[PDB]
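Just below is one structure, and these are the notes that go with it.
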Amino acid sequence: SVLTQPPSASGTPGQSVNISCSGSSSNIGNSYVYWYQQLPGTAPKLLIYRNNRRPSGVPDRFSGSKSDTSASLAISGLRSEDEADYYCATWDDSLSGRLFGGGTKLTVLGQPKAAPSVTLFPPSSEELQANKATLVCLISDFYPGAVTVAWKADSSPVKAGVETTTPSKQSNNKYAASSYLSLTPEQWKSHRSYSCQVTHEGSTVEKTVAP
Amino acid sequence: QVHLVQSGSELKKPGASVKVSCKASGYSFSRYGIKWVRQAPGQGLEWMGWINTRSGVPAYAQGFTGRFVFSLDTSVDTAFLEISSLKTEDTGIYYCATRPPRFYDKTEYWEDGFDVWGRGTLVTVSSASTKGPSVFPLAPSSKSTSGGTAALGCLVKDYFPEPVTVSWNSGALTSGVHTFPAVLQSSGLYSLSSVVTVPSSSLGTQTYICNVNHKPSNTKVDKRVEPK
């Protein structure tokens with residue numbers, strides 16, 4: 001009924017990776033497995049057809065494997081251009097429909113780790129006069145492109161009113177993200193402080209602002 | 001080769017309807033069928049079903065029946081997708097693609113790169129209405145920047161739909177400018193910030209103004225950013 005893929009995989013340039021695709025007897029085993037590569041902001045592109053066949057143009061670095069219950073995509077001599085989402089696809093004969101795996105987001109660590117730069121702005125006096133209060137936490141120059149942001153009211157966590165962007169690749173190939181905390185002017189004024197706490201690669205950077 | 005052109009981006013409100021087109025060229029339209037695949041933001045691929053290019057008979061995957069109609073205009077080689085009673089969860093990119101042949105020359109299709117997917121049509125279902133932004137100054141601070149420099153900016157709050165353009169000092173200030181991608185709030189409204197790192201010795205000498213343009217609402221704001 002379903003094609004099970006791990007949500008993520010990682011590797012450094014030159015390394016070899018194996019993306020798995022699990023199923024049953026009615027999906028994999030009797031039917032052909034197809035592999036698709038989806039690069040950021042583009043349509044899925046065929047990588048492997050009929051379990052292990054490479055269409056014209058697909059580099060030999062990509063290879064497909066197939067057993068009874070399982071399927072696999074091996075990527076040799078990994079390059080930064082291979083950073084994409086990989087989907088396995090097969091035909092369900094019992095349901096007479098195409099099913100895709102959930103996809104595996106492969107990260108290629110083709111750069112050294114870069115710590116995030118964090119700027120925290122308190123709400124402007126103009127915004128307070130418009131009966132609104134926004135704390136602006138700007139995160140930039142980090143690598144790899146994944147951060148976790150946590151806000152604090154005084155010394156306790158805040159979940160409500162938090163909106164964080166997905167990370168995005170900057171011009172310099174490093175990543176940026178922003179996080180916003182929506183408060184009432186009353187919450188801003190009645191607390192001692194508010195903090196934006198950014199976590200990246202096991203390290204934490206915290207900025208605090210007070211009214 | 002085999003070509004597929006998909007219609008432009010669409011912004012609709014919940015409960016509305018949308019007609020999306022996929023025009024095919026460079027091959028006999030009836031030789032390969034057309035499949036429809038959708039993808040919600042940051043989510044996986046959803047096979048919606050297919051349309052038989054010679055008979056026009058559609059086939060829908062579970063859940064796609066009724067609300068989704070697959071159509072054809074064989075005289076102009078165009079496949080259509082119609083969605084009614086649009087829900088916010090219908091937001092995403094809709095791809096049209098050729099499907100392998102039922103019987104004849106299956107190998108050639110795969111080998112000679114006949115497996116082609118369209119660029120995709122983004123369908124945005126949102127309750128939000130056209131709104132210009134409220135622009136707030138973000139007063140200079142030297143706490144998170146290099147020595148002898150201060151970070152100042154502009155909060156571009158609550159606008160719809162995208163985009164906004166942000167410049168500084170009418171295009172005369174370009175160095176050290178960082179305009180961040182927008183957040184989308186639960187209200188369906190966007191917000192973004194633009195920040196600029198300037199010399200600390202230029203504050204109170206050099207005037208800093210962020211120019212914000214929001215073409216959909218016909219709104220232009222020139223916000224003076226003063227030291228607090």
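Atom set for the values below is all heavy atoms of this structure, side chains included, hydrogens, waters and symmetry mates excluded. Below, chains carry the letters A, B, ... as their sequence lines are ordered, and counting in each starts from 1.
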Leading residue by heavy atom contact count with chain A [cutoff under 4.5 Å; candidates [options]]:
options                        : answer
B:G44, B:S134, B:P137, B:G42   : B:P137
B:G153, B:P181, B:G113, B:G120 : B:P181
B:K143, B:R119, B:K228, B:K157 : B:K157

Against chain A, label [X] side chain, backbone, both or neither, depending on which of its atoms sit under 4.5 Å from a heavy atom there.
X      : result
B:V225 : neither
B:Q39  : side chain
B:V116 : neither
B:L155 : side chain
B:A139 : backbone
B:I93  : neither
B:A97  : neither
B:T179 : neither
B:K223 : side chain

Verify whether one side chain among A:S70 and A:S22 offers a donor that lies under 3.5 Å from an acceptor in the other. no
Is it the side chain or the backbone of [X] that comes within 4.5 Å of chain B heavy atoms, both, or neither?
X      : result
A:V58  : neither
A:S179 : neither
A:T164 : backbone
A:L128 : neither

Side-chain contact test, heavy atoms from C-beta onward, threshold under 4.5 Å: evaluate it for [X] versus [Y] and give yes or no.
X      : Y      : answer
A:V136 : A:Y180 : yes
B:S126 : B:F160 : yes
B:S202 : B:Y208 : yes
B:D158 : B:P133 : no
A:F142 : A:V147 : yes
A:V118 : A:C137 : yes
B:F180 : B:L192 : no
A:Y49  : B:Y109 : no

With chain B as the partner, which of [options] has the greatest number of non-hydrogen pairs under 4.5 Å?
options                        : result
A:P44, A:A43, A:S117           : A:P44
A:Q5, A:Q38, A:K45             : A:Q38
A:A177, A:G57, A:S182          : A:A177
A:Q170, A:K207, A:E163, A:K132 : A:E163
A:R54, A:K105, A:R50, A:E127   : A:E127
A:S124, A:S178, A:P55          : A:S124

Salt bridge B:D105-B:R31, side-chain N to carboxylate O under 4.0 Å: no
From the list B:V198, B:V196, B:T197, B:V166, side chain to side chain contact (heavy atoms under 4.5 Å, CB included) partner of B:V177 resolves to B:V196
Check the orientation of A:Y32 and A:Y34. Use parallel for under 30°, tilted for 30 to 60°, and perpendicular for over 60°. perpendicular
Name the residue from B:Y60, B:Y94, B:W50 that meets the ring-ring contact (aromatic ring centres under 6.0 Å, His included) definition with B:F70. B:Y60
